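Enquirer:
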Amino acid sequence: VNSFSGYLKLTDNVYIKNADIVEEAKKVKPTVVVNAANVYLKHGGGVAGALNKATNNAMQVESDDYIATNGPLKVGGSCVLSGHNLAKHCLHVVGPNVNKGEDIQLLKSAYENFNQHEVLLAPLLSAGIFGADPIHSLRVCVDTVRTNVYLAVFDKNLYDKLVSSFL
Ligand SMILES: Cc1nc(N)ccc1Br
Numbered sequence: 001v002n003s004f005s006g007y008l009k010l011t012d013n014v015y016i017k018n019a020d021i022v023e024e025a026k027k028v029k030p031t032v033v034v035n036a037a038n039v040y041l042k043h044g045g046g047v048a049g050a051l052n053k054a055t056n057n058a059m060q061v062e063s064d065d066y067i068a069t070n071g072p073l074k075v076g077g078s079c080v081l082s083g084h085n086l087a088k089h090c091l092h093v094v095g096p097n098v099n100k101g102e103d104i105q106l107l108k109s110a111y112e113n114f115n116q117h118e119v120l121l122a123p124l125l126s127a128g129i130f131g132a133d134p135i136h137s138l139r140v141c142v143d144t145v146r147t148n149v150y151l152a153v154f155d156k157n158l159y160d161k162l163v164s165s166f167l
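If you're matching positions, the sequence shown starts at 1 in this note's numbering and goes up one per residue.
(1) What residues sit near ligand 1, counting only those whose C-beta is closer than 6 Å to one of its heavy atoms, in chain order?
(2) Compare the Cα-Cα distances from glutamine 105 to each of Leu151, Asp133 and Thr147 and report the closest residue.
(3) Measuring CB atoms only, is the stretch 3-16 touching the stretch 137-157, in the sense that at least three cross pairs come out at less than 8 Å?
(4) Does chain B have any CB closer than 9 Å to the CB of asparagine 18?
(5) Which of helix, strand or coil does DSSP assign to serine 165?
(6) What whole-angstrom Cβ distance do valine 34 and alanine 122 have, given they're in contact under 8 Å?
(7) Give the DSSP-derived three-state secondary structure of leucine 125 in the structure shown.
(8) I need the straight-line Cα distance from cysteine 79 to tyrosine 40, nearest angstrom please.
(9) Do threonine 69 and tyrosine 111 have their CB atoms nearer than 9 Å?
(10) Got a sec, what are the start and stop residues for the beta strand (DSSP E) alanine 36 sits in?
(11) When DSSP builds the beta bridges, which residues end up paired with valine 93?
(12) Note down the Cα distance separating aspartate 155 from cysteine 90, rounded to an integer number of angstroms.
(13) In whole angstroms, what separates the C-alpha of residue 196 from that of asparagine 115?
(14) When the Cα of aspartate 103 is compared with those of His117, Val93, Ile129 and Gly76, which residue comes out closest?
(15) Quick check: what's the CA-CA separation for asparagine 52 versus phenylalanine 4?
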């Protein structure tokens, strides 16, 4: 049993809810929250900016030190950093950004990072300002992630469309 409440079960391991991810993390304090990161861990806007704002910029401070030591992530890659006040850990995952011309086939590689964690609170990778079709992102998630993933979709309209269209 876990603390996640109000989710729609899509499969054996994938659950979904219409929710503000900063609010859900604050309530649950999951072991792992996933950030929709870029390779520079520049959390300006999108899920990354919303999460970072909720940490009072401590996520960005920690991320800048990580990049100064290690250099940029790969598209499709990830790193584990602190979850600050939101979670034990934040898994920063880089999905391809269609608005930068990145290979959408890298979305499967991005979701494979989730398999290193037994339970996660996550957004749909490459959705929102990363420009991918969220219906596609949910299909890749279901077909790639084998660990237990709790997906938070910010937009009620999109949530209802993802559920209604789910095969
Ligand atoms: C305030 C916000 N903005 C986004 N772009 C995504 C999630 C959230 Br919460």
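Cβ atoms here follow ideal geometry from the backbone N, Cα and C, with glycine treated the same way.
Expert: A quick look at the data gives this:
(1) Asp20, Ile21, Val22, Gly46, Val47, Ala50, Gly128 and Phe154
(2) The residue you call residue 105 lines up with position 105 of the sequence shown. Closest by alpha carbon: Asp133.
(3) yes
(4) The question asks about chain B, but that chain is absent: this structure has only one protein chain.
(5) Reading the sequence shown from its first residue, position 165 is the one you call residue 165. DSSP places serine 165 in coil when its eight states are reduced to three.
(6) Residue mapping note: residue 34 aligns to position 34 of the sequence shown, counting from 1. Residue mapping note: residue 122 aligns to position 122 of the sequence shown, counting from 1. Contact between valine 34 and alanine 122 holds: CB atoms are separated by about 4 Å, below the 8 Å threshold.
(7) Looking up residue 125 in the sequence shown gives position 125. Note: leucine 125 maps to coil in three-state DSSP.
(8) To locate residue 79, count along the sequence shown from 1; it is residue 79. To locate residue 40, count along the sequence shown from 1; it is residue 40. Straight-line Cα distance between these residues: approximately 12 Å.
(9) As a first step, residue 69 is located in the sequence shown; it is residue number 69 there, counting from the start. As a first step, residue 111 is located in the sequence shown; it is residue number 111 there, counting from the start. Not a contact, by the Cβ cut-off of 9 Å.
(10) Translated into the one-based positions of the sequence shown, residue 36 becomes position 36. 32-36 is the span of the beta strand (DSSP E), which, as asked, contains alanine 36.
(11) As a first step, residue 93 must be located in the sequence shown, where it is residue number 93. According to DSSP, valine 93 shares a beta bridge with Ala36 and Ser78.
(12) Within the sequence shown, numbered from 1, the residue matching residue 155 stands at position 155. Within the sequence shown, numbered from 1, the residue matching residue 90 stands at position 90. Cα-Cα distance, rounded: 22 Å.
(13) Any question about residue 196 goes unanswered here, given that the chain covers just 1 to 167.
(14) Locating residue 103 in the sequence shown gives position 103, where the first residue counts as 1. Residue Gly76 is the option with its Cα nearest to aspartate 103.
(15) Here residue 52 is taken as the residue at index 52 of the sequence shown, counted from 1. Here residue 4 is taken as the residue at index 4 of the sequence shown, counted from 1. Each residue's alpha carbon lies about 22 Å from the other.
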